[PDB]
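These notes are about the structure you will find just below.
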Amino acid sequence: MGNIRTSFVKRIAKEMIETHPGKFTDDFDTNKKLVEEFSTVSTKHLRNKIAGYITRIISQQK
């Protein structure tokens, strides 16, 4: 096996979301704008995974 390496991405997500408590609106558009109003992640297509990640956390949270 090797290293896991994924928790750091989760930390970036936290930093991005937690800067604005507009959380748990369980909509893709909401999380989209939530990401775009902050955005601290490199790689433009990686933003997609971030937006989906938020939505995923939210849907499982409820």
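In the structure tokens, chains take letters A, B, ... by order of appearance, with residues numbered from 1 within each chain and ligands from 1 in the order shown.
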
Non-local contacts of residue 49 (chain A) (10 Å; only C-alpha atoms; under 5 positions in same chain excluded) as a PDB file with N, CA and C atoms, in the first residue's frame:
ATOM      1  N   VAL A   9      -7.562  17.750   1.265  1.00  0.00           N
ATOM      2  CA  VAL A   9      -8.564  18.311   0.368  1.00  0.00           C
ATOM      3  C   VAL A   9      -9.817  18.675   1.158  1.00  0.00           C
ATOM      4  N   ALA A  13     -11.788  22.284   1.773  1.00  0.00           N
ATOM      5  CA  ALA A  13     -13.237  22.403   1.690  1.00  0.00           C
ATOM      6  C   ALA A  13     -13.785  23.095   2.933  1.00  0.00           C
ATOM      7  N   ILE A  54     -19.221  19.268  -1.111  1.00  0.00           N
ATOM      8  CA  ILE A  54     -20.083  19.993  -0.179  1.00  0.00           C
ATOM      9  C   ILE A  54     -21.484  19.397  -0.189  1.00  0.00           C
ATOM     10  N   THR A  55     -22.086  19.358  -1.374  1.00  0.00           N
ATOM     11  CA  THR A  55     -23.403  18.764  -1.566  1.00  0.00           C
ATOM     12  C   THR A  55     -23.490  17.361  -0.946  1.00  0.00           C
TER      13      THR A  55
END

Alpha helix (DSSP H) positions in chain A, given as a PyMOL selection string: chain A and resi 7-17+28-36+46-61

Please save N, CA, C and O atoms of the selected residues as a short mmCIF file (atom, residue, chain, number, x, y, z; two decimals), in the first residue's frame.
data_model
loop_
_atom_site.label_atom_id
_atom_site.label_comp_id
_atom_site.auth_asym_id
_atom_site.auth_seq_id
_atom_site.Cartn_x
_atom_site.Cartn_y
_atom_site.Cartn_z
N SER A 7 -7.39 13.84 3.19
CA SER A 7 -7.88 14.67 4.28
C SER A 7 -7.53 16.15 4.06
O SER A 7 -8.28 17.04 4.48
N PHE A 8 -6.42 16.40 3.39
CA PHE A 8 -5.99 17.77 3.12
C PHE A 8 -6.99 18.48 2.21
O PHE A 8 -7.24 19.67 2.38
N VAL A 9 -7.56 17.75 1.27
CA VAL A 9 -8.56 18.31 0.37
C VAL A 9 -9.82 18.68 1.16
O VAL A 9 -10.47 19.69 0.90
N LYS A 10 -10.12 17.84 2.15
CA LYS A 10 -11.26 18.06 3.03
C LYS A 10 -11.04 19.31 3.89
O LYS A 10 -11.98 20.04 4.19
N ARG A 11 -9.79 19.56 4.25
CA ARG A 11 -9.44 20.74 5.03
C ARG A 11 -9.67 22.01 4.21
O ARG A 11 -10.19 23.01 4.72
N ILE A 12 -9.29 21.96 2.94
CA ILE A 12 -9.51 23.09 2.03
C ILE A 12 -11.01 23.36 1.86
O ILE A 12 -11.44 24.51 1.84
N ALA A 13 -11.79 22.28 1.77
CA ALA A 13 -13.24 22.40 1.69
C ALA A 13 -13.78 23.10 2.93
O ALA A 13 -14.59 24.02 2.83
N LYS A 14 -13.32 22.65 4.10
CA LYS A 14 -13.72 23.26 5.37
C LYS A 14 -13.41 24.75 5.39
O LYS A 14 -14.27 25.56 5.70
N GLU A 15 -12.18 25.10 5.03
CA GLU A 15 -11.74 26.49 5.01
C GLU A 15 -12.62 27.33 4.08
O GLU A 15 -12.97 28.47 4.38
N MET A 16 -12.99 26.73 2.95
CA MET A 16 -13.80 27.40 1.94
C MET A 16 -15.23 27.62 2.43
O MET A 16 -15.79 28.70 2.28
N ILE A 17 -15.82 26.59 3.02
CA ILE A 17 -17.20 26.65 3.48
C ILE A 17 -17.34 27.47 4.76
O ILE A 17 -18.17 28.38 4.84
N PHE A 28 -27.36 22.27 -5.34
CA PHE A 28 -26.10 22.34 -6.07
C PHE A 28 -25.73 23.79 -6.41
O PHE A 28 -24.56 24.16 -6.38
N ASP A 29 -26.74 24.60 -6.71
CA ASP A 29 -26.50 25.99 -7.08
C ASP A 29 -25.94 26.76 -5.89
O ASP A 29 -25.03 27.58 -6.04
N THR A 30 -26.46 26.46 -4.71
CA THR A 30 -26.02 27.10 -3.49
C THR A 30 -24.54 26.83 -3.23
O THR A 30 -23.75 27.75 -3.03
N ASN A 31 -24.17 25.55 -3.26
CA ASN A 31 -22.80 25.14 -3.01
C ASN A 31 -21.87 25.67 -4.10
O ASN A 31 -20.71 25.99 -3.84
N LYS A 32 -22.40 25.77 -5.32
CA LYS A 32 -21.65 26.34 -6.44
C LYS A 32 -21.22 27.77 -6.12
O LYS A 32 -20.04 28.10 -6.19
N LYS A 33 -22.20 28.59 -5.76
CA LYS A 33 -21.94 30.00 -5.44
C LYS A 33 -21.09 30.12 -4.18
O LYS A 33 -20.23 31.00 -4.10
N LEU A 34 -21.32 29.23 -3.22
CA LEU A 34 -20.56 29.21 -1.98
C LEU A 34 -19.07 29.03 -2.26
O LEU A 34 -18.22 29.67 -1.64
N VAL A 35 -18.75 28.17 -3.23
CA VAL A 35 -17.38 27.96 -3.64
C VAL A 35 -16.82 29.18 -4.37
O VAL A 35 -15.72 29.65 -4.07
N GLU A 36 -17.61 29.71 -5.30
CA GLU A 36 -17.14 30.77 -6.18
C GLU A 36 -16.95 32.11 -5.47
O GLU A 36 -16.16 32.94 -5.91
N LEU A 46 -11.01 21.15 -10.63
CA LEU A 46 -11.04 20.54 -9.31
C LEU A 46 -12.16 21.16 -8.48
O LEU A 46 -12.65 20.55 -7.53
N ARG A 47 -12.58 22.35 -8.88
CA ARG A 47 -13.67 23.06 -8.22
C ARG A 47 -14.96 22.23 -8.29
O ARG A 47 -15.80 22.31 -7.39
N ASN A 48 -15.09 21.44 -9.35
CA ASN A 48 -16.25 20.58 -9.54
C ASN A 48 -16.35 19.57 -8.41
O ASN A 48 -17.42 19.34 -7.85
N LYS A 49 -15.21 18.98 -8.07
CA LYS A 49 -15.15 17.98 -7.01
C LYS A 49 -15.44 18.61 -5.66
O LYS A 49 -16.05 18.00 -4.80
N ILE A 50 -15.01 19.86 -5.50
CA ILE A 50 -15.27 20.60 -4.27
C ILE A 50 -16.77 20.86 -4.10
O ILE A 50 -17.34 20.58 -3.05
N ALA A 51 -17.40 21.36 -5.16
CA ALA A 51 -18.83 21.66 -5.14
C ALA A 51 -19.65 20.40 -4.88
O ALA A 51 -20.62 20.41 -4.11
N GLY A 52 -19.26 19.30 -5.52
CA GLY A 52 -19.92 18.03 -5.30
C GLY A 52 -19.68 17.50 -3.91
O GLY A 52 -20.56 16.87 -3.31
N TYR A 53 -18.49 17.77 -3.38
CA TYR A 53 -18.10 17.32 -2.05
C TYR A 53 -19.00 17.96 -0.99
O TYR A 53 -19.49 17.27 -0.09
N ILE A 54 -19.22 19.27 -1.11
CA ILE A 54 -20.08 19.99 -0.18
C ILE A 54 -21.48 19.40 -0.19
O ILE A 54 -22.00 18.99 0.85
N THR A 55 -22.09 19.36 -1.37
CA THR A 55 -23.40 18.76 -1.57
C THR A 55 -23.49 17.36 -0.95
O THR A 55 -24.50 17.00 -0.34
N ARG A 56 -22.42 16.58 -1.10
CA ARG A 56 -22.37 15.23 -0.55
C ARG A 56 -22.41 15.26 0.98
O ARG A 56 -23.19 14.53 1.61
N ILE A 57 -21.58 16.11 1.58
CA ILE A 57 -21.54 16.24 3.04
C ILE A 57 -22.91 16.66 3.58
O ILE A 57 -23.39 16.11 4.57
N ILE A 58 -23.53 17.62 2.90
CA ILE A 58 -24.83 18.14 3.30
C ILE A 58 -25.91 17.06 3.27
O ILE A 58 -26.65 16.88 4.24
N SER A 59 -25.98 16.33 2.16
CA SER A 59 -27.04 15.34 1.96
C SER A 59 -26.92 14.18 2.96
O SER A 59 -27.93 13.60 3.37
N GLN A 60 -25.70 13.87 3.37
CA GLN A 60 -25.48 12.80 4.34
C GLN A 60 -25.62 13.31 5.77
O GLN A 60 -25.82 12.52 6.71
N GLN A 61 -25.54 14.62 5.94
CA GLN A 61 -25.62 15.24 7.26
C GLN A 61 -27.05 15.19 7.78
O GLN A 61 -27.29 14.98 8.97
#

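Pairwise distance (CA of residue 41 (chain A), CA of residue 18 (chain A)) equals 14.4 Å.
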
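Of note, CA of residue 42 (chain A) and CA of residue 62 (chain A) are spaced 29.4 Å apart.
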
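CA of residue 4 (chain A) is found 29.2 Å from CA of residue 21 (chain A).
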